[PDB]
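Residue numbers (the authors' numbering): 1 to 191, 209 to 663.
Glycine is no exception: its CB is placed at the ideal position from the N, C-alpha and C atoms.
The structure appears right after this line, and notes come after that.
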Ligand SMILES: *[C@@H]1O[C@H](CO)[C@@H](O[C@@H]2O[C@H](CO)[C@@H](O[C@@H]3O[C@H](CO)[C@@H](O)[C@H](O)[C@@H]3O)[C@H](O)[C@H]2NC(C)=O)[C@H](O)[C@H]1NC(C)=O
Ligand SMILES: *[C@@H]1O[C@H](CO)[C@@H](O[C@@H]2O[C@H](CO)[C@@H](O)[C@H](O)[C@H]2NC(C)=O)[C@H](O)[C@H]1NC(C)=O
Ligand SMILES: *[C@H]1O[C@H](CO)[C@@H](O)[C@H](O)[C@@H]1O
Ligand SMILES: *[C@H]1O[C@H](CO)[C@@H](O)[C@H](O)[C@@H]1O
Ligand SMILES: *[C@H]1O[C@H](CO)[C@@H](O)[C@H](O)[C@@H]1O
Ligand SMILES: [Ca+2]
Ligand SMILES: [Ca+2]
Ligand SMILES: [Ca+2]
Ligand SMILES: [Ca+2]
Ligand SMILES: [Ca+2]
Ligand SMILES: [Ca+2]
Ligand SMILES: [Ca+2]
Ligand SMILES: [Ca+2]
Ligand SMILES: [Ca+2]
Ligand SMILES: [Ca+2]
Ligand SMILES: [Ca+2]
Ligand SMILES: [Ca+2]
Ligand SMILES: [Ca+2]
Ligand SMILES: [Ca+2]
Ligand SMILES: [Ca+2]
Ligand SMILES: [Cl-]
Ligand code: NA
C-alpha cells in the first residue's frame, strides 16, 4: 500500500518518525528473517531505518528550505522491501514547514527619491521582502513607523505575493527637511509558533525644484559717496537670497536695461559676488545722484528674475578752484582822476556748490585802489586815493579769489594799470638867480653863459622852450645885448660891452613847457655883471702946460734947500680900480739925484741943493710918467721945465 508519515523540519537527530513494522502488521523478530531492508537508491541521509525494530528515525536534521526551497509540497520518498515472499512498499514522509525563518529585504538600507513638488496621493513602489517559509509562515504584512508624510499601501495580487507601496500624504518641502528616515518592517504569519520580523531602513531623498526666487531684503538701497571716489570704491554689497539646492540656488547679478548708460559706465557689478563698486569718476558737477537698476537671477530652469534699485547720492567736495574773469580793463588812468574812478570790472565763479562754491576776494598790494561790490561775485576796482604820476609810474594789481571749503581753493590774476601824466608841474630853473661875468669890450655874438631848467612831467608836458622876457636897458630893448637859444637855454652876448657906460643889468629869463591843455612855465633872473678892463689910458691934468704943446715952466729958486716942494702932478683915469691906480715917476731931466717924486702923490721936491750951478743958460727939463696898475698897464708922459730964479 501507501505508507504515510508527517514530521516537522529541523527535528533533532534521532526523532521518532514512524514504526513501519507495526503499521504493516509484521512482528518485530520475524523481520530479520524476511530480509527487511531499504532499497539502496531510495536511501536518504535524513532518515535511518532500524532494521531490528522497523522504526524510522531522523538521521540528519531536515532543513525544509534546503530540500524543497519554497515548494508547497515537501515529501521524502523512501522504499522498503521484504523477501520470501517479496513485498515492496512506498514510504512517503511529508515534511512540514515551521516558522524558523523571518522575511528579509535584499537591501537593508533603502533609498527612494521624491521631488518636493510631488502631489500627495502619489504612490511610490517599494522593495518586496522575501520569506523562505511557505503558506501561513511566509510574508504577511508591511509596517512603517508612524509619521505624517507617508503611509503604506499593501497590495496582494493573488499568487500569494504581497508587495508594498509608499503613499505621500502631505506636500514635501526640501527647504525644511531634505532627508527623511523611517523604519520599514515586514512580518510573517507565525502565530513555540511565534512571529518573525524583518527590517529595512528607509531614507527619502527630497529632490529640489526651482520653487524659490532670489530675494533682496529691500526693494531700494541708498548709499552716499564723496565725489572723486577712487574707482574700485565699494558702493554696496548686494545680496539676493535663494535657499534652493545647487544651480537652482546659485544667483547671478546684472544691470537691468532700465539703467541709464551713464550709470552703466560709472559703475561695475561683479555678477557672482554681487559687489557694486565705482568704475569711473563721480563728478558731483555732472550729476549729484545716480540710479542703478539691478536684477538677480538664479541658474535653475524656469528662472524668474528679481529686481532692486541702488540710489547713489554723490557728496560734493571742494574740487573746483574759483575762476576770475575781467569784463573790461583800462590802463589809461590820469593822475588827477579823483578817488572812486573805475579802472576795471571782473566777475568770479566757483562751479562747486554749498560752502565749496562761495568765493571771497582780496586785492594784493596795499596800494591806492579798493575793491567795491554791488552784487556779490561782481566786482569793480576803483581808485582809493588821488594818484601822482610823478610818484607812481605803473601798478600791478593782483586779485586773489578764495572759496570757503576745506581745503580752500584760491586763484590769482594780475592786471597792470599805467598812470597817465598831467601837466601839473611847473618848470624850475637850475638857480633862482645867476651871476654872469663878462669882459669889457667883449666879442659880440659870443657865448657868455648858459641857463638850465627842468620839468617833472612826461615828454611834451616837460619839453622846454627858453625866452628872455622883454625889459628895457639903457633906453632901449634887452634883446639888443643878449639872446637865448630857445632849445639849449644859452645866454649869448650881442654887443661888445663898455664898462664905463654900463656895468650891470638884470633880465627875467623864462622857461615854458609844451603843455597842451594848459601850458606851464617858470621864470628866473640873470644879473649880467661886466668885468672892467684897462682900456682907458691915464692923462695929466696938472700942472697946466703952455700954449701949443709947450712944457710947463715951474720956477725953482736956486737958493733953496733939500726937501723943497715944487708942485704936485695929478692925472686921471676913467677906468676903475687897479686899472685906474696912479703912480708917478721921472726918467730923464734930473741931474745926479737933484729932484724926487712921490710914488702915489707926484709931488716934486728937491733931493739936494744945486751945487756948481748959478742960473745956467739951459734949464732943467724933466719927463714924468703916469702909470696905472692894470694889464695891459697904460701910461702917459709929460715934460717939465725947471728954471732957476732966486
Ligand atoms: C548675504 O546673505 C546671506 C544670506 O542671508 C548672509 O548669510 C548670513 O550668514 C551668517 C553666517 O553664516 C548666518 O549666520 C549663521 O547662523 C547659523 C544658525 O542657524 C549658524 O549655524 C551659522 O554658523 C551662522 O552663524 C546668517 O543667518 C545669514 N543671514 C541671513 C539673513 O540668513 C550673508 O551674511 C550676506 N552677506 C553679505 C555680504 O551681505
Ligand atoms: C616869477 O616866479 C615867481 C616864483 O613862482 C613868481 O612869484 C609868484 O608870483 C605870484 C603872482 O602874484 C604870487 O601869487 C606867488 O605868491 C609868487 N610865488 C612865491 C613863491 O612867492 C613871480 O610872480 C614870477 N614873475 C612873474 C613876472 O610872473
Ligand atoms: C517580529 O519581530 C518584531 C520585533 O523585532 C515584532 O515587532 C513583530 O511583531 C514580530 O514579532
Ligand atoms: C528588523 O530589525 C529591527 C532592528 O533593526 C527590529 O526592530 C525589527 O523588529 C526587525 O526585526
Ligand atoms: C706908457 O708908456 C711907457 C713908456 O713911456 C710904457 O712903458 C708903458 O707900458 C705905457 O705904454
Ligand atoms: Ca529551516
Ligand atoms: Ca521553515
Ligand atoms: Ca517566516
Ligand atoms: Ca519647497
Ligand atoms: Ca526648491
Ligand atoms: Ca532658486
Ligand atoms: Ca567733481
Ligand atoms: Ca565739487
Ligand atoms: Ca570750490
Ligand atoms: Ca603830479
Ligand atoms: Ca604830471
Ligand atoms: Ca610841466
Ligand atoms: Ca670900454
Ligand atoms: Ca676900462
Ligand atoms: Ca687905465
Ligand atoms: Cl655898451
Ligand atoms: Na499617516
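DSSP places residue 32 in the uninterrupted alpha helix (DSSP H) bounded by 30 to 34. For residue 70, the three-state secondary structure derived from DSSP is coil.
For residue 283, the enclosing alpha helix (DSSP H) starts and ends at 278 to 283.
The beta carbon of residue 185 sits closer than 6 angstroms to those of 143, 214 and 216, all from its chain and outside the five residues before and after it, given in chain order. Distance between residue 112 and residue 141, taken at the CA atoms: about 20 angstroms. A residue is called buried when at least 16 other Cβ atoms come within 10 angstroms of its Cβ; residue 477 does not meet this threshold and is exposed. C-alpha of residue 28 to C-alpha of residue 74: approximately 30 angstroms in a straight line. Counting only runs of at least 4 residues, the stretch 258 to 346 fully encloses the following alpha helix (DSSP H) elements, listed from N- to C-terminal order: 278 to 283. Assignment of residue 50 by DSSP, reduced to helix, strand and coil, places it in the strand class. For residue 186, the three-state secondary structure derived from DSSP is strand. Put simply, the backbone Cα of residue 394 is about 14 angstroms away from that of residue 428. Judged by the Cβ position, residue 98 qualifies as a neighbour of ligand 7 at the 7 angstroms threshold, a heavy atom of the ligand being closer than this. Beta-bridge annotation (DSSP): residue 637 is paired with 659. Ranking 250, 152, 510 and 603 by CA distance to the CA of residue 456 puts 510 first. The count of Cβ pairs closer than 8 angstroms, one atom from the stretch 580 to 590 and one from the stretch 614 to 627, reaches three, so the stretches are in contact. Below 8 angstroms, enough C-beta pairs join the stretch 507 to 526 and the stretch 534 to 550 to call them touching: three or more. In the DSSP assignment, residue 62 falls outside any alpha helix (DSSP H), carrying neither H nor E. Boundaries for residue 24: no beta strand (DSSP E) harbours it, while the alpha helix (DSSP H) harbouring it runs 20 to 24, taken from the DSSP string. Not one heavy atom of ligand 13 is found less than 7 angstroms from the C-beta of residue 440. Proximity of the beta carbon of residue 514 to ligand 21 is indicated: a heavy atom of the ligand is located closer than 7 angstroms. The three-state secondary structure of residue 136, taken from DSSP, is helix. Burial is judged here by how many other beta carbons sit within 10 angstroms of a residue's own beta carbon; residue 227 has at least 16 and is buried. Check the Cα spacing between residue 310 and each of 324, 298 and 303: the tightest is with 324.
One Cα belongs to residue 337, the other to residue 414, and the distance between them is close to 24 angstroms. Taking the Cβ atoms as the reference, residue 333 lies roughly 6 angstroms from residue 371, within the contact range of under 8 angstroms. CA-CA distance, residue 504 to residue 534, rounds to 22 angstroms. Taking 3 residues as the minimum length, the beta strand (DSSP E) runs contained wholly in the stretch 401 to 431 are 411 to 420, in order along the chain.
With a cut-off of 7 angstroms, the C-beta of residue 424 is classified as distant from ligand 14, since no heavy atom of the ligand falls inside that distance. Taking residue 552 as reference, the option from 562, 498, 651 and 282 with the minimal CA-CA separation is 651.
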